[PDB]
Amino acid sequence: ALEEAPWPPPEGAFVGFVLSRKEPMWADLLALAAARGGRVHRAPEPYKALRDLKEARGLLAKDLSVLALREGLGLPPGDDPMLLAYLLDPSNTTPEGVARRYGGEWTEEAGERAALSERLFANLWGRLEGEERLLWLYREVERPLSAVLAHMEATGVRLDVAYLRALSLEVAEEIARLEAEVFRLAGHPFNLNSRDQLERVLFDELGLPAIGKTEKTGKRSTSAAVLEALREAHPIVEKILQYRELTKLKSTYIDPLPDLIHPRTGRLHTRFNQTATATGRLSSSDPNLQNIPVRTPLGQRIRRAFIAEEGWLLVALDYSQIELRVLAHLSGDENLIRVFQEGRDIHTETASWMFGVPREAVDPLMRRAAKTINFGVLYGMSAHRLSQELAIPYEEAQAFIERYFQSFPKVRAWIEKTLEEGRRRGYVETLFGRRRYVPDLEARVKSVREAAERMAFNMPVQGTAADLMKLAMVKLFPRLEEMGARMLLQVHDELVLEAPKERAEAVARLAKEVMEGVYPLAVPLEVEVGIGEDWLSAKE
DNA sequence: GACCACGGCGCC
DNA sequence: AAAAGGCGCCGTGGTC
Ligand SMILES: O=C(CCCCCCCCCO)NCCC/C=C/c1cn([C@H]2C[C@H](O)[C@@H](COP(=O)(O)OP(=O)(O)OP(=O)(O)O)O2)c(=O)[nH]c1=O
Ligand SMILES: [Mg+2]
Ligand SMILES: [Mg+2]
């Protein structure tokens with residue numbers, strides 16, 4: 001439709017661009033175009049043409065900014081219709097779906113993508129006028145956050161390649177030891193990686209008691225929780241659990257990550273997806289760096305490979321009990337507020353009860369266990385499941401869940417309020433007004449409806465915590481630039497920064513204060529901060 | 001070579 | 001597996 005005009009485009013034009021592959025740090029910029037005032041400008045040479053733009057405005061603006069940054073160009077992202085659509089409805093996660101929904105078609109041609117970006121932005125902006133709170137989130141959080149994320153993606157993180165390659169060789173030998181024992185115990189070999197073949201071995205051949213079924217196909221489950229119940233019915237069970245631990249870590253981290261070092265940066269680059277979750281959280285992919293191991297000894301060894309540039313240090317900051325503090329604010333429970341105004345720690349107190357140990361002797365691994373419990377219970381875990389994990393009678397898990405909510409009355413009151421509100425309006429919302437539509441609150445199948453309810457009332461809590469962290473990132477990023485430091489990773493309620501050694505301590509204190517005072521609530525926000533040469537050492 | 005569905009599991 | 005929620009990636013099985 002647009003009249004074809006010559007490159008370059010006027011100021012403020014919307015851009016379209018086509019990449020050889022989805023990851024901006026690895027992509028070849030195949031084509032570039034821009035659209036404005038009923039015209040389309042198609043770049044004759046896309047790389048040269050990047051220099052003429054002052055701002056990336058259009059669909060997937062951040063990705064093109066990351067590519068520009070990779071090429072030494074400071075091209076910040078600006079308006080992006082995906083961010084408008086994601087705020088209207090977080091099920092809007094792909095350019096495919098957004099275009100089809102708001103007036104166009106995501107093609108594989110840059111000129112058409114540019115014209116699409118223009119008309120989608122006009123329509124979606126029209127949808128938001130009136131929606132003042134979503135507008136506030138777009139202007140003060142999401143749009144400036146996209147610029148922050150582009151810098152994080154282009155910066156990357158340093159990885160100790162030789163260390164991981166050495167680790168691979170050791171873990172391989174240990175894996176072979178375990179699988180050979182498994183085959184001996186089974187009486188023959190098979191593909192231990194195939195849960196279907198393992199199902200037959202355990203349940204048909206060895207005649208072990210089947211405990212659970214899989215969700216979609218109703219096969220007898222071999223999940224870790226099921227194997228946990230059988231750890232004593234037969235020795236092969238334990239060997240399998242250790243086998244899965246090692247092969248999971250080897251196949252997902254040890255072996256893949258070394259091959260992803262970028263040739264020009266010498267670092268590892270993730271993508272921080274900004275329109276990917278139903279609650280407002282970010283995600284991470286290609287590779288995912290929000291699920292790097294930390295729990296087990298081997299996992300810790302892997303986390304140590306994430307290191308600071310020489311002359312620099314990592315600074316890791318992690319909000320304390322974040323979603324519990326958010327819950328205190330959203331619900332207004334007087335007793336839970338006092339917990340945090342008194343400085344108490346629920347994860348430690350639960351850990352104390354769980355293991356029958358005073359608070360002082362609760363180790364870090366014990367506190368991690370208590371977090372699964374505390375958040376399992378809060379978001380609707382059953383006594384059956386809780387009794388099964390804690391290895392205690394059903395009646396004990398029954399009671400724990402009982403005491404839990406009795407201690408904090410207004411929580412269930414807030415849950416029921418949120419649900420009724422969601423049933424009527426069709427969506428639930430965070431503190432800042434980020435919405436999630438949950439129509440299955442009115443499903444007539446009980447299991448479906450109650451799952452919807454657990455989704456529904458989780459989202460204001462998880463989501464508010466996400467809004468806080470996003471806002472803190474937007475406030476902190478310019479302060480770090482000032483001190484010559486870098487923002488590297490976000491892990492939902494944690495930030496990993498890189499700072500020159502001489503300024504690492506000043507960076508830690510500043511980032512701590514920015515995170516704690518981002519947006520005061522009815523309770524204090526506390527942040528744990530550590531500094532070290534590797535990701536593991538940088539957490540306390 | 002690539003798609004999906006699935007089970008499974010790493011992290012928050 | 002289970003009346004916890006939210007992600008992305010692995011190998012398998014089965015295609016295409
Ligand atoms: O690693 C483990 C298991 C430990 C081993 C226990 C098994 C023993 C078996 C018996 C053998 O004899 N568990 C994982 C612990 C980490 C889980 C985190 C988590 C977080 N969130 C949400 C809620 C939380 O507020 C936020 C941030 O996560 P976080 O930072 O880890 O937790 P939080 O901020 O609340 O606590 P701290 O930061 O530690 O103060 O993310 C959840 O909704 N569910 C979870 O399971
Ligand atoms: Mg935390
Ligand atoms: Mg954390």
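Order of the sequence lines fixes the chain letters, A, B, ..., with proteins taken first and strands second; residue numbering starts at 1 for each chain. Both backbone and side-chain heavy atoms feed into the values below; hydrogens, waters and symmetry mates do not.
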_Quick check: closest heavy atoms across A/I261 and A/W26, and the distance to 0.1 Å?_
O-CH2, 3.6 Å
*Please check the phosphate of C/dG6 (OP1 and OP2 only) for any side-chain N or O of A/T279 closer than 4.0 Å.*
no
_Atom pair distance, as rounded to whole Å: NZ in A/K22 and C1' in C/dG8_ = 10 Å
_Tell me if the side-chain of A/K248 makes a donor-acceptor pair with the base of B/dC9, cut-off 3.5 Å, by modelled atom types._
yes
*Side-chain N,O (A/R244) to OP1/OP2 (B/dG8) below 4.0 Å*: no
*Rounding to a whole Å, what distance do you find between A/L249:CG and C/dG11:P?*
13 Å
_A/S283 vs C/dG8: side-chain N/O to OP1/OP2 distance below 4.0 Å_ = yes
*Could you tell me whether the side chain of A/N291 has a donor or acceptor atom within less than 3.5 Å of a complementary atom in the base of B/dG10?*
yes
*asked:* Whole angstroms only, please: what is the OH-P distance between A/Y253 and C/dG8?
replied: 13 Å
*Under 6.0 Å between ring centres, would you say that holds for A/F375 and A/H347?*
yes
_For C/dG14, tell me north or south, taking a positive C1'-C2'-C3'-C4' torsion as north and a negative one as south._
south
_Without decimals, in angstroms, what is the distance between A/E323 CD and C/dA4 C1'?_
12 Å
_Residue A/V294, side-chain heavy atoms: nucleotide from C/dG6, C/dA1, B/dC11 that is nearest_ = B/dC11
*Could you give me the CA-CA distance, side-chain angles and deciding distance for A/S221 and A/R195, then say whether side chain to side chain donor-acceptor pair (under 3.5 Å) is met?*
CA-CA 8 Å; A/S221 178; A/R195 53 90 44 228; 5.4 Å; no
*For A/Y243 and A/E179, what are the C-alpha separation, side-chain angles and deciding distance, and is it a side-chain contact (heavy atoms from CB on, under 4.5 Å)?*
CA-CA 7 Å; A/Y243 175 90; A/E179 84 195 357; 3.7 Å; yes
*When you check the sign of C1'-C2'-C3'-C4' for C/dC7, do you get north or south?*
north
*Using the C1'-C2'-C3'-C4' torsion, classify the pucker of C/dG8 as north or south, with positive meaning north.*
south
*To the nearest Å, give me how far apart CG (A/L202) and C1' (B/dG7) are.*
14 Å
*For A/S284, answer base if it contacts any base atom (sugar-phosphate contacts may also be present), sugar-phosphate if it contacts only those atoms, and nothing otherwise; contact means non-hydrogen atoms under 4.0 Å.*
sugar-phosphate
*In sequence, state the C-alpha distance, the side-chain angles, and the governing distance for A/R244 and A/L198, and then conclude on side-chain contact (heavy atoms from CB on, under 4.5 Å).*
CA-CA 12 Å; A/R244 285 223 185 120; A/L198 181 63; 3.4 Å; yes
_Sugar-phosphate, base or nothing in reach of A/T222, heavy atoms under 4.0 Å_ = sugar-phosphate
_For a quick check of understanding: with a heavy-atom distance under 4.0 Å over all strands, which category does A/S382 fall into, base, sugar-phosphate or nothing?_
base
*Given the P atoms of C/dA3 and B/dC4, what is the spacing between them in whole Å?*
32 Å
*Tell me, do A/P90 and A/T277 make a side-chain contact under 4.5 Å, heavy atoms counted?*
no
_Length of the line joining A/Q388:CD and C/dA3:P, which is rounded to integer Å_ = 10 Å
*asked:* Using OP1 and OP2 only, check whether a side-chain N or O of A/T217 sits under 4.0 Å from B/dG7.
replied: yes
*Kindly indicate, with the supporting measurements, whether the criterion side-chain contact (heavy atoms from CB on, under 4.5 Å) is fulfilled by A/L441 and A/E453.*
CA-CA 6 Å; A/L441 298 178; A/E453 293 171 344; 3.7 Å; yes
_If you count heavy atoms of other groups shown closer than 6.0 angstrom to CZ of A/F405, is the number above 12?_
yes
*What nucleic acid atoms does A/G212 come within less than 4.0 Å of, heavy atoms only: base, sugar-phosphate, or nothing?*
sugar-phosphate
With 3.5 Å as the limit, what N/O pairs link the protein to nucleotides 12-16 of chain C?
residue: C/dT12; atom: OP1; partner: A/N191; partner atom: OD1; Å: 3.4
residue: C/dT12; atom: OP1; partner: A/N191; partner atom: ND2; Å: 3.0
residue: C/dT12; atom: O3'; partner: A/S194; partner atom: OG; Å: 3.0
residue: C/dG13; atom: OP1; partner: A/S194; partner atom: OG; Å: 2.4
residue: C/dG13; atom: OP1; partner: A/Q197; partner atom: NE2; Å: 3.3

_5′-ward residue of the pair A/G376/A/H384 relative to DNA chain C_ = A/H384
*Could you state the OH-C1' distance from A/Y319 to B/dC11, rounded to the nearest angstrom?*
19 Å
*asked:* Positive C1'-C2'-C3'-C4' counts as north, negative as south. Which one applies to C/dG5?
replied: north
*asked:* Please determine whether the number of non-hydrogen atoms from other residues, nucleotides or ligands lying under 6.0 Å from atom CD of A/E174 exceeds 12.
replied: yes
*For A/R436, answer base if it contacts any base atom (sugar-phosphate contacts may also be present), sugar-phosphate if it contacts only those atoms, and nothing otherwise; contact means non-hydrogen atoms under 4.0 Å.*
sugar-phosphate
*Atom pair distance, as rounded to whole Å: CG in A/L282 and P in C/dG6*: 16 Å
*asked:* Roughly how many Å apart are B/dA5 and C/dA4, using the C1' atom of each and rounding to a whole number?
replied: 24 Å
*Distance test, side-chain N/O of A/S221 to OP1/OP2 of B/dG7, below 4.0 Å*: no
*asked:* At 4.0 Å (heavy atoms only), tell me whether A/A278 reaches a base, stays on the sugar-phosphate, or touches nothing.
replied: sugar-phosphate
*Residue A/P293, side-chain heavy atoms: nucleotide from C/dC7, B/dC9, B/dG10 that is nearest*: B/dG10
*Phosphate OP1/OP2 of C/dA4: any A/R385 side-chain N/O under 4.0 Å*: yes
